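Using ideal geometry, Cβ is built from the backbone for each residue, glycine included, and neighbour counts are taken over all protein chains shown. Quick note: the coordinates plus some simple rules give every number you see, no bench work behind them.
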Amino acid sequence: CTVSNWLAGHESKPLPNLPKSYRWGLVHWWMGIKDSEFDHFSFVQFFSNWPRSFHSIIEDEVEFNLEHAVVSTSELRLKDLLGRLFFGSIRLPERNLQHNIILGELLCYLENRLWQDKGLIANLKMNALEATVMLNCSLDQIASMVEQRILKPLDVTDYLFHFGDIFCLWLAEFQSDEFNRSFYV
Amino acid sequence: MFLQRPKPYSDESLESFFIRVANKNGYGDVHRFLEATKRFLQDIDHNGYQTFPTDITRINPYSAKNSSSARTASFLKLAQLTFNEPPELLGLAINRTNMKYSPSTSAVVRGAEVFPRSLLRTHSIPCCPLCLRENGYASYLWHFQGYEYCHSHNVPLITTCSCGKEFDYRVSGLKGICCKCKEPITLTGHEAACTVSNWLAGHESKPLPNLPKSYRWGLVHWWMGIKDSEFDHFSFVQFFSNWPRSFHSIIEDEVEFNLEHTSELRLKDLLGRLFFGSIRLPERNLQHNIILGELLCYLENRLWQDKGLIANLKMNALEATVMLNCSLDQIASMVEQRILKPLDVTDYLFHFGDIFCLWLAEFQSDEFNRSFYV
Amino acid sequence: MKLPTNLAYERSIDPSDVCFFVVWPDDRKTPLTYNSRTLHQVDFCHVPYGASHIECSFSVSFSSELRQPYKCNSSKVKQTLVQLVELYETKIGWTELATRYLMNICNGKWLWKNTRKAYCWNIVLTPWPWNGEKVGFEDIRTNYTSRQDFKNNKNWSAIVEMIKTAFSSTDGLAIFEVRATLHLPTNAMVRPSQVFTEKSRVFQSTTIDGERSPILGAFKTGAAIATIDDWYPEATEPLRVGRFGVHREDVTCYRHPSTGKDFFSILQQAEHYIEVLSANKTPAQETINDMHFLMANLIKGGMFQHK
Amino acid sequence: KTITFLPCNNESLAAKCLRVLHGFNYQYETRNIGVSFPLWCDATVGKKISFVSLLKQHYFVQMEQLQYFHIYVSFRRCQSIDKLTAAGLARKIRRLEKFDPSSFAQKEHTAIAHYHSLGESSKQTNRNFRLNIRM
Ligand SMILES: [Zn+2]
Ligand SMILES: [Zn+2]
């Protein structure tokens, strides 16, 4: 009844004030969290600790795949440490972080710890593929920035880039009026 | 190095932020702080310390050739380490962005407000010395054309003092003491620019609509292409003053010049200036890109009128991707399965009575959709 | 103006190798050594424990051999390139280019990475056509940062005016003797230059007193005196002076020939710059930065042929 | 048993397993086990680490749940290599100081006959080191 009031488009606390599209976006996401069908009472208790229940999640997810890393800590990849969290919240339905609060909070717990721990998060390898997913661009704009080298380095599927390089490129060359750092702050 | 945050403001320019730090914390000018700042990045082994400017002119991240990614990477370190409580510096920078305008004008962005690249001032920044004594810092609106008058005192902005010499805050500090005379600058009433700069600031001022800061600045580029001249503050107020019948008054006259100058008429030949110069300015939010939605509401009630005149206006596959907000691969996909009906990409086999019905069926969004101008 | 099939200059600036010494307490000197590992051999060079600091030593001559071409078969190409040096020095002057070369000596730009993690380092110059009391720069990291800090030294006039007279006179010489004093931490990383091996780290070395010692390259040293080039479009970092000026970090040419501002496209406008310099209106900043770069490539030397 | 690494940084992956064996010899404080690298190639360690004399301990259960696990010679620690690296040659002077340091010198030509390294750390402190292992 908290959910059916909230999925109607109406207010129920502590569940947030969002548009009609962006309340459906939480539902397909939360089903992948349990890896089952939707659970409604654990939906309510999860957002009584928002965002520190989501802060409770990302602490679990980076500390696991560092233990269960198969390659060395310099050969780690972004899809191998955080391929589940970062690639599961990009377009819900769009990159509007003012309403997609999942990625817009995820950016906060990625930017802050970048150069903590010898720059572990800021040195994650990336393809030319997943560089286009984060920037919201195409492969041709990556291939244009390797010629003139605004973007420091072609094989698209060979891991040539670093995450703190792609993260700081978004903040100076690829924002928008919705997908920018200045709504969640 | 260890510093102090001053009083933080929600309209301070970035160049004013490196003077309110450099005065307070015992440096001689702005040049001394920048030189000290570049060395600091060398000690903590930042990659683009060698690109960090000692000129306060090129401090903004669009002045970098390739190191704009390393300039905000230089900016993402100082707010975490060299202060006590972290200051807001990324919220003051003028970053580039890829948001192309109509027809091909690029854009820069300062936080959550996107500006036309063609409206940036670069020669000499006008200022108000009354804000340079009471506020004492530089408002970020001073970096742009279109903003001619100070909206907080109703007084004009100065560019040349009494001795024939100019004035700029990036070279003459934040007090207001000029070069040749080292005096207080002698000042230089209207309303037509006064209410625009109150609207350009981000407050509510009529008859200019309640658009966001990204969309209040997307219209000033659009109107200068209409008059094809320098910006008249008087007519930009009076254009919105009779919405919608002042905005329609060019529209019904745009067709009458182009009907006389009927099936080989095109949408580029009959409604080419109003439509192609209004798609993204800056984006496709029809709640706040009011130009397209009112023209669509004009052309929804003109679809199959005049024996379907507007339904018989021809479109390509290139200029259909401008409307539908898609790529050329999805256009050729709808030719194989035949949802859109008639390969040459620049072929004139597509009409406006055919495209607009497809957008109401297969191409909506949350902002580029019919659900605002109903 | 088409380029001949025989053109060449000599360099006007001639560095030497760099010699690394170690100053123990009791104030005595011993040349620095390094290791060699095999199991593909990698050499490691670090300061010994009881050391106090480190000297360095080389010598630069502003020979001024850029006045006339070394070899040039066409006499029209020779008579033009002589008139630019006599017009650059009359209308602009060597003061801007003498200061930028001399800063790279008078701070440790020729100490490439060994500057990093130091307490203080000092430079002492021994100029040759000179009276006495050697010019010494003290505590460069704090005292000297901006150019003005160099000009507040008591004799900065008297040493730019050597390099000008060395470039102005048809037999000008101006030998310098540079000596540095790096106060490192204990057991510090020191990086010398290193040989080229066809393909893991083998240093370029010499013999100082029957022992091996790492030496900064003679060519390695002149590449840091010539980091002057910041006249390219949207310039941020100053570059090593060269034709179509490369940047080896991000492997790209600024001043690529499609920009129109490499060296060979400015040599073909050499007659064009003679009419600008021989007016009375002072030319623009855009068109003397083209002349500062044009003179820095005749000081660099090289071969300028075609066909 | 003989553990198979089936994805792979075996060198850095085999080295975490000893950290469990480093910690499990403090809860029970035994040394009754042996260490054997069968596929000791002259490049890598090989995807076979084996304990001879684990399979139910906390680290190896979650390792086994995913689709990648199956669960003479003298492998001795050689910390004489650790003093060949020249950050330790100056530690060694401050040891032997307890005098002229300038009459001590370097070696300038060394040849280390097939050592092998596995990088680890401490847990009292925040300090790293190397487990140099040869035949
Ligand atoms: Zn004011
Ligand atoms: Zn004045």
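Give a quick list of trypsin sites (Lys or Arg not before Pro) in region A:27-121 that DSSP marks as loop, anything other than H, G, I, E or B, with at most 16 other Cβ atoms within 10 Å. For trypsin sites (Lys or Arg not before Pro) across region A:27-121 that sit outside H, G, I, E and B with at most 16 neighbouring Cβ atoms in 10 Å, the list reads A:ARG52, A:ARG84, A:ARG91, A:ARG113, A:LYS118.
Translational diffusion of chain A was estimated from the Stokes-Einstein equation, with Rh taken as the Kirkwood radius over Cα pairs; at 20 °C and 1.002 mPa s the coefficient is 120 µm²/s. Would you tally the net charge around C:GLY222, using a Cβ to Cβ cut-off of less than 12 Å, leaving C:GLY222 out, and scoring K and R as +1, D and E as -1? Overall, the nearby charge balance is +3.
Beyond 32 Å in Cα-Cα separation lie the following of the pairs C:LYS2/C:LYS91; D:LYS56/D:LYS92; B:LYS213/C:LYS261; A:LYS118/A:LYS152; A:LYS152/B:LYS38: D:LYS56/D:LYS92; B:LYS213/C:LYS261. Listed cross-link partners B:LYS165/C:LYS281; B:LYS100/B:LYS227; C:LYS154/C:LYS300; B:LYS307/B:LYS341; A:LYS13/B:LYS206; B:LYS268/B:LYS341 are compared with a 28 Å cut-off, the Cα-Cα value being larger for C:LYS154/C:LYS300; A:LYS13/B:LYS206.
How big is the C-alpha Rg of region C:236-307 next to the rule-of-thumb value 2.2 N^0.38 Å, as a ratio?
That ratio works out to 1.19.
Of the three principal axes defined by the Cα atoms of chain C, the extents in descending order read 63, 51, 36 Å.
Backbone N atoms of region B:240-262 closer than 19 Å to the 7 Å Cα→Cβ label point of B:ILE226 belong to residues B:240-258.
Counting other Cβ atoms within 10 Å, keep those with at most 12, restrict to DSSP loop, and tell me which GluC sites (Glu not before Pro) in region C:84-175 are left.
C:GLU133
P(r) for region B:14-135, from all Cα pairs and a bin width of 10 Å, is 11, 39, 35, 13, 1 %, short bins first. Here the residues C:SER213, D:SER122, ranked from fewest to most Cβ neighbours within 10 Å of their Cβ, fall in the order D:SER122, C:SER213.
Starting from region A:6-98, pick out the chymotrypsin sites (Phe, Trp or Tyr not before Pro) whose DSSP state is loop and whose Cβ has at most 15 other Cβ atoms within 10 Å. Answer in residue order: A:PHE38.
Just round it to a whole percent: the fraction of Cα-Cα distances in region D:2-134 exceeding 19 Å. Counting every Cα pair in region D:2-134, those more than 19 Å apart make up 61 percent. Temperature 10 °C, viscosity 1.306 mPa s: under these conditions the Stokes-Einstein estimate for the protein assembly as shown, based on its Kirkwood radius over C-alpha pairs, is 46 µm² per second. Debye-formula intensities of region B:209-312, expressed as log10 I(q)/I(0) at q = 0.13, 0.17, 0.18 Å⁻¹, are -0.51, -0.86, -0.96 (one equal scatterer per alpha-carbon, no solvent). At the listed q of 0.15, 0.24, 0.30 Å⁻¹, the Debye profile of region B:4-60, built from one uniform point per Cα, gives log10 I(q)/I(0) equal to -0.46, -1.02, -1.21.
Sorting B:316-327, A:125-136, C:250-261 by their mean Cβ neighbour count within 10 Å, with the most densely packed peptide first, gives A:125-136, B:316-327, C:250-261. Over the C-alpha trace of chain B, radius of gyration and Dmax come out as 25.0, 77 angstrom.
Taking Rh as the Kirkwood radius computed over C-alpha pairs, what is the Stokes-Einstein D of region A:113-182 at 10 °C in a medium of viscosity 1.306 mPa s, expressed in µm² per second? Present the calculation step by step, with values, prior to reporting the outcome.
Details: Rh = 12.6 Å.
Translational diffusion coefficient: 126 µm²/s.
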